[PDB]
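What follows draws every value from the coordinates through simple rules; no lab data is involved. Virtual Cβ from ideal backbone geometry, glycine too; neighbours counted across all protein chains shown.
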Amino acid sequence: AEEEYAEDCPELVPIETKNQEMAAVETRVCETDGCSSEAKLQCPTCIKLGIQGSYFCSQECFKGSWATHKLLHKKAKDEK
Ligand SMILES: [Zn+2]
Ligand SMILES: [Zn+2]
């Protein structure tokens, strides 16, 4: 054999909030489709990859959703 995947689900991170600016952005739900909870955490690997949103509600929930979330990281790119 050669090698296997090197994916990992480390401790999530808090969503960098801001002051009560006029041009603020409300509404924050768990990224998971089957989770309508308040999103407070964010995906670390996402910030690096370059994906929008990616906000979780809790680690306990992230650990699970990660099973599918990780798949999102490897989207289906095309060449036109
Ligand atoms: Zn992510
Ligand atoms: Zn959640």
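Laid out as a table, the results:
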{"quantity": "Residues of segment 38-80 classified as within 17 Å of residue 7 (Cα to Cα) and among the hydrophobic types (A, V, I, L, M, F, W, C), total", "calculated": "10"}
{"quantity": "Matching residues, segment 48-61, being more than 11 Å from residue 12 (Cβ to Cβ) and either in contact with a strand residue (DSSP E or B) (Cβ under 6 Å, 6 or more places away or on another chain) or in a helix (DSSP H, G or I) (or both)", "calculated": "48, 49"}
{"quantity": "Flag for residue 58 being within 9 Å of ligand 2 (Cβ to nearest atom) and free of Cβ contacts under 8 Å to residues at least 40 places away in the same chain", "calculated": "yes"}
{"quantity": "Residue satisfying all of: in segment 1-11; under 13 Å from the mean Cα position of the chain (by Cα) and in contact (Cβ under 8 Å) with a residue 40 or more places away in the chain; farthest from residue 74 (Cα to Cα) among these", "calculated": "11"}
{"quantity": "When residues of segment 45-58 are limited to those that are polar (S, T, N, Q) and within 24 Å of residue 75 (Cβ to Cβ), the one surrounded by the most Cβ atoms within 10 Å (Cβ to Cβ)", "calculated": "54"}
{"quantity": "Segment 23-52 residues that are over 17 Å from residue 64 (Cβ atoms), paired with ones that are more than 10 Å from ligand 1 (Cβ to nearest atom) and of a type in the set (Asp, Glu) (beta carbon under 8 Å, 6 or more apart)", "calculated": "28/38"}
{"quantity": "Residue selected from segment 28-42 under the condition in contact with a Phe, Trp or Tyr (Cβ under 7 Å, 6 or more places away or on another chain) and either hydroxyl-bearing (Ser, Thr, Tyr) or under 14 Å from residue 11 (Cβ atoms) (or both), by the criterion nearest to ligand 1 (Cβ to nearest atom)", "calculated": "42"}
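So that you can scan it fast, the table gives a plain yes or no per residue for (1) surrounded by 10 or more Cβ atoms within 10 Å (Cβ to Cβ); (2) within 16 Å of ligand 2 (Cβ to nearest atom); (3) of a type outside the set (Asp, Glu); (4) under 19 Å from residue 74 (Cα atoms):
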| site | (1), (2), (3), (4) |
| --- | --- |
| 13 | yes, yes, yes, no |
| 19 | no, no, yes, no |
| 27 | no, yes, yes, no |
| 31 | yes, yes, no, yes |
| 43 | yes, yes, yes, yes |
